[PDB]
Amino acid sequence: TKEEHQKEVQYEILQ
Amino acid sequence: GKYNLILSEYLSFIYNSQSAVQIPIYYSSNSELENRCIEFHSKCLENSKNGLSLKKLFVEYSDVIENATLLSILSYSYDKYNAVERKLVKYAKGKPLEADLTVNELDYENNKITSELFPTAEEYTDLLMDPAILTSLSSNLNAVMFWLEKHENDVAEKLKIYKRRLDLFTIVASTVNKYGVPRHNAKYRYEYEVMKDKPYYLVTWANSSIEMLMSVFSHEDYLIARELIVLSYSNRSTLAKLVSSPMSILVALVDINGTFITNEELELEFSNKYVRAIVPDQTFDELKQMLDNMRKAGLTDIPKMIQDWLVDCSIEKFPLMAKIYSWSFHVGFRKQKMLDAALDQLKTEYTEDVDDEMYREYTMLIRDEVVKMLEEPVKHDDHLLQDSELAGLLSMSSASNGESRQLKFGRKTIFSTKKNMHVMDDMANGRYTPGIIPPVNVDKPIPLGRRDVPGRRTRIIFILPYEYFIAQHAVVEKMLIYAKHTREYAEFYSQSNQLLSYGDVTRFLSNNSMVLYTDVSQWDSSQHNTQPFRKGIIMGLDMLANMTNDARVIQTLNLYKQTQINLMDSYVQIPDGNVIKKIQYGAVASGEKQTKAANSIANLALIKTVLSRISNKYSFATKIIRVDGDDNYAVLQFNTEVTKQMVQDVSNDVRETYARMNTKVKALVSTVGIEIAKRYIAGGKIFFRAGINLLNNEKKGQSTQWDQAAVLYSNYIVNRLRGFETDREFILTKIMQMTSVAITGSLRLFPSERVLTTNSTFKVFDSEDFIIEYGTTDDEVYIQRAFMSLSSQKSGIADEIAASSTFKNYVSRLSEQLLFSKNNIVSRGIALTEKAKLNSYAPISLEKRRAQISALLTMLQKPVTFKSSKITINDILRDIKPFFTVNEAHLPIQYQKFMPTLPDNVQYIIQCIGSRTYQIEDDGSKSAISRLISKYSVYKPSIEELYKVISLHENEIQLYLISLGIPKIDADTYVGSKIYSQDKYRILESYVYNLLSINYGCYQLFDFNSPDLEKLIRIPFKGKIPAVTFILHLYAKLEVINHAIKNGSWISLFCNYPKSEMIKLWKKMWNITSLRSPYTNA
Amino acid sequence: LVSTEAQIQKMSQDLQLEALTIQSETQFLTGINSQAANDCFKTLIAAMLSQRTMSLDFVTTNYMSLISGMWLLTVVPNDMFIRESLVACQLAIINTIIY
Amino acid sequence: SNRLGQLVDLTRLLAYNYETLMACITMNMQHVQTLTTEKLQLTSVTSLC
Amino acid sequence: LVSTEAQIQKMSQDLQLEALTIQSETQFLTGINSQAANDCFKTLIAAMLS
Amino acid sequence: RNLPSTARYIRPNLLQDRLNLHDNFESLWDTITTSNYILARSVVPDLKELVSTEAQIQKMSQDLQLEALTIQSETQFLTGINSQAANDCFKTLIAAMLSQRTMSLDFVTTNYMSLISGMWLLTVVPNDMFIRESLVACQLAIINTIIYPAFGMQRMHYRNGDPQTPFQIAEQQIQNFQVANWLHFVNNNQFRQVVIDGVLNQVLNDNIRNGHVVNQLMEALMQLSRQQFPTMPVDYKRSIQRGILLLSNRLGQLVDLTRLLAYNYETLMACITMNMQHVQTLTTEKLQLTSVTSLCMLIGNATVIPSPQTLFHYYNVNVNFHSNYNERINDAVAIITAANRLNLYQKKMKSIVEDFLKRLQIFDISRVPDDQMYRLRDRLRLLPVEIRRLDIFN
Amino acid sequence: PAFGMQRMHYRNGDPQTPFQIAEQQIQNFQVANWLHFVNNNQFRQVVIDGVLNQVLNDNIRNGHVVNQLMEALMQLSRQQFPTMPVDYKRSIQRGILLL
RNA sequence: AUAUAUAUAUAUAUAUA
RNA sequence: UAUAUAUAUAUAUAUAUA
Ligand SMILES: Nc1nc2c(ncn2[C@@H]2O[C@H](COP(=O)(O)OP(=O)(O)OP(=O)(O)O)[C@@H](O)[C@H]2O)c(=O)[nH]1
Ligand SMILES: O=c1ccn([C@@H]2O[C@H](COP(=O)(O)OP(=O)(O)OP(=O)(O)O)[C@@H](O)[C@H]2O)c(=O)[nH]1
């Protein structure tokens, strides 16, 4: 599994 | 030469008897050394006639061995029984492979004993297992055992190549020896009486296995060839697709560091962009299920290689993953029965609950594309649509028709199926209607044919009647012209080089972009192709019947509409047992003229709709939609950077929306690379398929062994450039058996290196790989004229048919329809086209080629004495060659390599002078008559006929031009301006640019106009004699590359070609052809 | 509703995006289906009943999605949209159509 | 602009299906800026017009 | 441009008798045909009348 | 989304380089701007929609009146007009300006088209950026071929190492006005150092952003094709009066190419954060002068402009490198200061600068000696340590 | 190039067509009299027999416009072409004389 | 006693009582 | 004092592709 994108990880700290 | 040394050790291996002798035959260009060659060849025939040796004779005639070149080697072998099995038990050490039975879903495709798979003798069809190559298994086992004794004593590195090609031979030899080597007939067809006890698929297994173990070089190759040789004995069906499965997924994992690119007008640039590879978690769950289907199939050394690569995901080790995908297609073809291939293809599930709101937009987008392709050649009444009956018939493909008809041509009656031979019969008996096309319905259905793919399930194909070609030729020839001027259809990106054509994939790839490549599971027999594809085209010919005004452009456009009404319901005629089964099949017909020009319409107009429905959720901006039949991609450029969720939610919205039109698909998206054709863009480096079966053909051909030995080598050089290294000592061993010819009983004739590698009709293999070498030495240009003298042969079948009352009634009915005049320079010019068109018939071209080779045997058993002063290509280069001065020069490595699978001696040329930037078009000028005839009439004359016209009178050129259909004021503006006089110097110069090839198997990859090849080539310039200037800068640019491939070093030429030798060569370049040039030497 | 086969053939022949001066991209007419017009009716009432701030999304290289943006701003009240998109749609209309 | 007569008739509908659905609202309709926004595509607005 | 089909036969049987070959008095150019003069005469008139 | 009131972010310390690594550190500046030359080369957008070079060489043969085929090695005008070297010259002209990596021209003197199109580099790119042993041999080759055989004067008696460039001499020795107004712009074309938004970046002149400098050039070399060439033959005139007119016919496209390069260099200049400095480097990234001819007469009508997710990535990597550079200074000055103040007289500070050249990803340890590593400590020892590290050592 | 003037910078979308901007910039009289006819060649909307149809200009039905063009195409052929080389002058003067 | 459709590139070969 | 113009020959076989 690759490292997650920086965009999808920082909507997840919000959500 | 190296090939002659492999010859004299192949004779000492296969004939280990004291009764055996070898007689070399020699020839020379010298008249003195020819009489040295006649006396030597005579004495070795008298001394070896009665038991006298040759060691006392080779010293006495050592003036001819070291100076003249070898012509052939005669072989005396008084061996009654083939000694294959006597030396097979030496290698038959291992345990024999027992076949498995639970691995296939059918019965005939399982590996059972043929006595149990076919109960009696009469129902034995070998066409499931037949290799259809003109070699045998008994000759293949002698080609490996010759190699396994030459390389027995080896050094510590080359031993491990020999050792890995031996433990893989004990798997083969201990299975063949258990049942015995099968004995073939003289037609290389394995009969039933020999395959009674042998297991079925033993010949096509051991032929595909021997091809593998002559490619095992490294230990990464041995683990693949160990787990494919053992498994391809068990499952002939599933194995080729399970290994070749994840390469469609694995192309999306590698990052892009520096990639190639092609700009809009197709030319090559280099880009440096860094794009991440973004794959969701549902790709690594779809890859684990592709690696568990490879573990249930038994193989365990391949997914250990892939799972040791998934932790890297790097382009440095991707040549290992492209090797695994390419070794999968070498297991052999998947041939199955004609009934089970159709009835599994013609079975499909339609549904009336399809979204009809999406079809009325899909029908309209086909309508607005057919009108868009023919709005210009119909509003202006074009010269080819007005002659659709003739331009479809005069240029008629002669491959096959549906049925076998008893054709009678004068006296000699023949059973033929060729398509232009059916036209000649029906135009003679009057049963040929021009405007009526026959209905393919429940009465008179469509016959079937098959095409076999090395890894895919056996597909069917449709053979329509010839009246469905004349109706569809003129309209679809106007749709291929628009497909070469549109950026979407993939007839545009179709060049010689592969970096230029498939390099527009990586133009819009960035980190805000998403590429989308989808392959429909079957493009034929889809729901969206039966009704909404025909009725979109029939509507497009209603709006085009209002564009024009003629009674003849409407009538050809009411025939191309009538072939779509008749194909909306269709029936296929497939027999089984004794019953004939008529299956209804209203879908698209792969096999029309329409099958590629309307698979680029119906798939562009489909994906223009499925890209519209996914824009309700993600707002993007599409950049290119390239479509090639089924295989298409479409780049989408977004607003944000593409993340792991926009990739997953587009792949779930293109797959589901395609399912709303009842089209079953898998939809793959990536940001780095696709798999559009079998050519794979991965990480900014194009990777190819590299699977061509050497020792297995899909069907038996119309060719002999001397031509099938050329396609064994031509399938090897393509296999080597694409990254599958087969041993050259095995390919050369397989040419010494195919080019074998048996003169009498117990006497075989073997040609030397100079008969096979020379540039003539009888060419098999090049001396050193990847390059053409025109031999300028006097012993090699002299034998080229000896081979160019017997290439003109006549076949008795084609001259018994050309003088019949039927073939003359076809030319006179075709010459009357074309020209409204009397002239015989076209009737003698049309009849020379259909005599040339009848070479597609099998016993005509076989009696051409067998009269080439049986006349070569009279030339090879004797020293050649044929002296002729013909100007050849190899005689032009004898006059240029002494004026070259070489000097060693250093040249750095500047440009980047774009294909990593290339060999080292080719990749060093690309890294120094660069991959090709643009396709060079230097074909001179077409003559001004052929722009005047091809614009009015649809008759395209040969350039040896337009020179015959010019040399006629002034008043006989004008009669010829008015004959074709040209008006009077146009021919009298031609003839009166005396531009027929200027066209003598444009026909004769059109044979110069035709001569030497900058394209080949290998020469397409390099950049010939590079500023690093123009630095080494230093030729002074002369303003006049333009023809000589081209052939100097082309032969100089080829001589440096032909040196830099063989030795890895660069040389720099200097050709101070004098003015007195240019004008001698200017008339040699104009006198290659057999027509009257005004300037000759003597 | 108006049939999709009708409105697209009037919209793709009045715009004529294929015969434009730019040929660096394949231009066709996107998103004029009967599922988005049925979805913009649901969103534009339910994000207005429950006071949930809508947000705009588009590509500014086409203008047929931007001319119809003028109808969106004149009916849906401007305090509904999140301000950094209401700006980036009003500025996108002004710098390419109005000014 | 040529679609005027069928677009006066859309906002009469878009503000009537809002007007009588708002009568079935018992909770207070307070208006503040929320964190997560329901995204609206302008390619889906050029379909409704 | 235009004439009937039989007049081509009527002009071929006397062409060798009456040598009139440069009566048309034009300098030829590549890309010049009479099927485009007949075409451009029709797409200049019929694009004006409609 | 609009972030709530309780969302915080970590501000990275982007303050310009405190070692002055361009000052006497000649080998470390060679590979700290090779690193910024490769990164800027992967961002500058690549030319799509060029004029096809088959339809451009075959129009360049109808104009020069050469029977020159597509495959003939025409070393006088038509060599090396590729398209791979058209995007390449666009990239190594933009990305060499963004990293201040000095180029080095490579050409052949007997190729008169690479000297006509070589007159366009010096009127756009400031001549303090080409290396001087290759700028002088290109300015002299233009003078002794195209300009001094125009007015018939003596060919230039130029000696090696003369402290005036051959355009700086031939504006005094020449008498014309249109080709001494252009030839004064070349001698006085320089980057203008302005500190904008905290960083120092070197903008171009405003007459190169407009493209008006080409209108100072195609007014100059239009007049140069009107001269008689008295000392030269008839054929040497009509060879290069035809060659200099291939470029004056492209005045429409060259005034659009100077606006494209100067705009593609503007918006990429905004995305950098390290203080760019104009100091001559050791190793020069070579620019073939044939590639400028492949750019001047192969482009047309198609604007390329960098899409902002390659500006937001070229910016987010010049913050991540510039904040890794600054928080490795502060991790190393905090050890050097806290070792001298703790009186560690028996410890040598080679190892704690060897870590500093190692955590910076681009340098290598097996190249730098023990004299370019102790001289570096002598600069780090004089810096003031960070406040969060000073209040915790005190 | 016939008059040796500098070739015009014609930007995209200028409101003046480049014959309407080259009758002001040219200083001849006979090729500035043909460029005035092309800039003011218009249909003349007259109603005839109750049917409004657009008759041509009266000089075009006569043929006199060709005697305005070939009077202007002759002065342009007797010019020197000062900037351009001689073979470019020979390539037009061979082609402008076939007309 | 004898079955192999269509298109696109590429290469080889051929024209004659 | 003067150094011409112009982009899709045909047929069969062979391989790559659809
Ligand atoms: N006779 C014959 N020999 C072949 C054939 N194909 C290959 N060979 C050669 O013959 C050798 C094997 O022996 P056989 O095939 O039995 O040929 P042979 O020695 O002439 O014996 P016979 O076939 O009985 O005439 C191989 O090494 C091949 O070089 C074939 O079709 N017929
Ligand atoms: O010999 C051929 C091969 C292909 N075709 C045409 O090309 C189309 C696409 O050819 P594909 O090989 O892509 O078809 P497919 O999608 O059915 O393949 P699989 O996924 O099952 O592997 C076919 O459906 C047919 O129209 C031919 O007409 N002839």
# chains A, B, ... in the order shown; residues from 1 in each chain; ligands from 1
>>> interface_residues(of="chain I", to="chain F", cutoff="12 Å", atoms="only C-alpha atoms (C1' of nucleotides)", output="PyMOL selection string")
chain I and resi 1-7
>>> select_by_dssp(residues="segment 8-98 of chain G", states="alpha helix (DSSP H)", output="short mmCIF file (atom, residue, chain, number, x, y, z; two decimals) with N, CA, C and O atoms, in the first residue's frame")
data_model
loop_
_atom_site.label_atom_id
_atom_site.label_comp_id
_atom_site.auth_asym_id
_atom_site.auth_seq_id
_atom_site.Cartn_x
_atom_site.Cartn_y
_atom_site.Cartn_z
N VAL G 31 -2.52 50.81 -56.71
CA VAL G 31 -2.81 49.72 -55.79
C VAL G 31 -3.46 50.22 -54.51
O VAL G 31 -3.85 49.42 -53.65
N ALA G 32 -3.62 51.53 -54.35
CA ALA G 32 -4.48 52.06 -53.32
C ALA G 32 -5.84 52.43 -53.86
O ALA G 32 -6.67 52.95 -53.11
N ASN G 33 -6.07 52.23 -55.15
CA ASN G 33 -7.40 52.36 -55.73
C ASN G 33 -8.11 51.03 -55.86
O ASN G 33 -9.34 51.00 -55.85
N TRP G 34 -7.36 49.94 -55.99
CA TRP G 34 -7.97 48.63 -55.92
C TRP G 34 -8.28 48.24 -54.49
O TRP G 34 -9.35 47.67 -54.23
N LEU G 35 -7.40 48.56 -53.54
CA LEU G 35 -7.68 48.33 -52.13
C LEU G 35 -8.80 49.20 -51.60
O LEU G 35 -9.30 48.93 -50.50
N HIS G 36 -9.20 50.25 -52.31
CA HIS G 36 -10.41 50.94 -51.89
C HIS G 36 -11.65 50.26 -52.42
O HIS G 36 -12.71 50.35 -51.79
N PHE G 37 -11.56 49.57 -53.55
CA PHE G 37 -12.74 48.89 -54.05
C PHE G 37 -13.04 47.63 -53.24
O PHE G 37 -14.20 47.32 -52.99
N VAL G 38 -12.00 46.91 -52.82
CA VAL G 38 -12.20 45.71 -52.02
C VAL G 38 -12.72 46.06 -50.64
O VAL G 38 -13.55 45.33 -50.07
N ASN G 39 -12.29 47.19 -50.08
CA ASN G 39 -12.80 47.60 -48.78
C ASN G 39 -14.23 48.11 -48.84
O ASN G 39 -14.88 48.20 -47.80
N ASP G 58 -22.32 47.82 -60.01
CA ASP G 58 -22.47 48.00 -61.45
C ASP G 58 -21.17 47.79 -62.20
O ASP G 58 -21.18 47.40 -63.37
N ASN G 59 -20.03 48.03 -61.55
CA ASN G 59 -18.76 47.80 -62.22
C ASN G 59 -18.43 46.32 -62.32
O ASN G 59 -17.65 45.94 -63.20
N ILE G 60 -19.01 45.47 -61.46
CA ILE G 60 -18.69 44.05 -61.50
C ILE G 60 -19.44 43.36 -62.63
O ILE G 60 -18.90 42.46 -63.29
N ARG G 61 -20.69 43.76 -62.89
CA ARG G 61 -21.42 43.24 -64.03
C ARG G 61 -20.80 43.67 -65.35
O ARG G 61 -20.92 42.96 -66.35
N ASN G 62 -20.16 44.85 -65.37
CA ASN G 62 -19.51 45.33 -66.59
C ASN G 62 -18.26 44.53 -66.89
O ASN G 62 -18.01 44.14 -68.03
N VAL G 66 -11.89 44.27 -63.23
CA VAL G 66 -10.65 43.63 -63.66
C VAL G 66 -9.70 44.66 -64.26
O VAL G 66 -8.49 44.62 -64.01
N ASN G 67 -10.24 45.64 -64.98
CA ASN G 67 -9.40 46.74 -65.45
C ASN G 67 -8.99 47.69 -64.34
O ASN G 67 -8.17 48.57 -64.59
N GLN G 68 -9.55 47.56 -63.13
CA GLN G 68 -8.99 48.21 -61.95
C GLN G 68 -7.98 47.33 -61.24
O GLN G 68 -7.09 47.85 -60.57
N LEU G 69 -8.11 46.01 -61.36
CA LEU G 69 -7.15 45.12 -60.73
C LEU G 69 -5.90 44.97 -61.58
O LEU G 69 -4.79 45.06 -61.07
N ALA G 72 -3.70 47.67 -61.41
CA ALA G 72 -2.98 47.64 -60.15
C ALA G 72 -2.04 46.46 -60.04
O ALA G 72 -1.06 46.52 -59.29
N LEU G 73 -2.32 45.38 -60.75
CA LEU G 73 -1.45 44.22 -60.75
C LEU G 73 -0.27 44.37 -61.70
O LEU G 73 0.59 43.50 -61.73
N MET G 74 -0.25 45.45 -62.48
CA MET G 74 0.85 45.77 -63.38
C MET G 74 1.84 46.72 -62.73
O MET G 74 3.05 46.57 -62.93
N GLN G 75 1.35 47.69 -61.97
CA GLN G 75 2.24 48.58 -61.23
C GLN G 75 2.95 47.83 -60.12
O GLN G 75 4.10 48.13 -59.79
N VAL G 86 16.34 38.23 -55.33
CA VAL G 86 15.91 38.37 -56.71
C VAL G 86 15.04 37.19 -57.14
O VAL G 86 14.09 37.36 -57.92
N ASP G 87 15.29 35.99 -56.61
CA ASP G 87 14.48 34.84 -57.00
C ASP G 87 13.07 34.92 -56.42
O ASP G 87 12.12 34.42 -57.03
N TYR G 88 12.91 35.55 -55.26
CA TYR G 88 11.57 35.84 -54.77
C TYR G 88 10.87 36.86 -55.66
O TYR G 88 9.65 36.78 -55.83
N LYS G 89 11.61 37.81 -56.22
CA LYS G 89 11.04 38.72 -57.20
C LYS G 89 10.69 37.98 -58.48
O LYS G 89 9.66 38.25 -59.10
N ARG G 90 11.53 37.03 -58.88
CA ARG G 90 11.24 36.24 -60.07
C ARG G 90 10.13 35.22 -59.84
O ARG G 90 9.56 34.72 -60.82
N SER G 91 9.82 34.89 -58.59
CA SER G 91 8.76 33.91 -58.34
C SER G 91 7.38 34.53 -58.38
O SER G 91 6.41 33.83 -58.68
N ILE G 92 7.26 35.82 -58.08
CA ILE G 92 5.98 36.51 -58.20
C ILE G 92 5.79 37.05 -59.61
O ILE G 92 4.73 36.86 -60.21
N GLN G 93 6.83 37.69 -60.17
CA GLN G 93 6.75 38.26 -61.51
C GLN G 93 6.57 37.21 -62.60
O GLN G 93 6.21 37.56 -63.72
#
>>> residues_around(residues="segment 14-20 of chain C", least_positions_apart="6", cutoff="12 Å", atoms="only C-alpha atoms (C1' of nucleotides)", output="ChimeraX atom specification")
/B:372,486-488 /C:7-8,26-30,61-64
>>> closest_atom_pairs(of="chain C", to="chain F", cutoff="12 Å", atoms="only C-alpha atoms", output="tab-separated table")
residue	atom	partner	partner_atom	distance
C:21	CA	F:301	CA	9.8
C:22	CA	F:302	CA	8.2
C:23	CA	F:49	CA	8.7
C:24	CA	F:49	CA	7.2
C:25	CA	F:49	CA	10.8
C:53	CA	F:1	CA	9.9
C:54	CA	F:1	CA	10.3
C:55	CA	F:1	CA	8.7
C:56	CA	F:1	CA	11.4
C:81	CA	F:1	CA	11.1
C:82	CA	F:2	CA	7.9
C:83	CA	F:2	CA	9.3
C:84	CA	F:2	CA	8.9
C:85	CA	F:1	CA	9.9
>>> residues_near_ligand(ligand="ligand 1", cutoff="8 Å", atoms="only C-alpha atoms (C1' of nucleotides) and all ligand atoms", output="number ranges by chain")
B: 14, 77, 79-84, 135-136, 138-139, 142-143, 184-188, 736-738, 740, 742, 745-746
>>> write_last_selection(atoms="C-alpha atoms", output="compact mmCIF listing (two decimals), in the first residue's frame")
# COMPACT_ATOMS: atom_id res chain seq x y z
CA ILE B 14 24.28 -35.62 -37.27
CA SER B 77 24.90 -39.94 -45.69
CA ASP B 79 22.24 -43.77 -42.89
CA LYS B 80 19.03 -45.76 -43.24
CA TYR B 81 17.52 -44.97 -39.82
CA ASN B 82 17.29 -41.63 -38.03
CA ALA B 83 19.49 -41.71 -34.92
CA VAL B 84 17.43 -39.24 -32.87
CA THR B 135 9.80 -28.30 -39.20
CA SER B 136 9.36 -31.39 -37.07
CA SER B 138 12.55 -34.91 -34.68
CA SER B 139 14.46 -32.02 -36.25
CA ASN B 142 18.62 -32.62 -33.15
CA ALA B 143 18.90 -28.83 -32.95
CA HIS B 184 5.74 -37.15 -39.33
CA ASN B 185 4.88 -37.44 -43.01
CA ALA B 186 6.42 -35.50 -45.90
CA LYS B 187 3.92 -32.64 -45.41
CA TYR B 188 5.02 -32.06 -41.76
CA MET B 736 20.52 -25.25 -41.58
CA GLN B 737 17.62 -27.73 -41.39
CA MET B 738 14.85 -25.71 -43.02
CA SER B 740 18.05 -28.31 -46.36
CA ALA B 742 17.16 -33.51 -50.63
CA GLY B 745 17.95 -40.33 -51.73
CA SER B 746 20.81 -40.11 -49.20
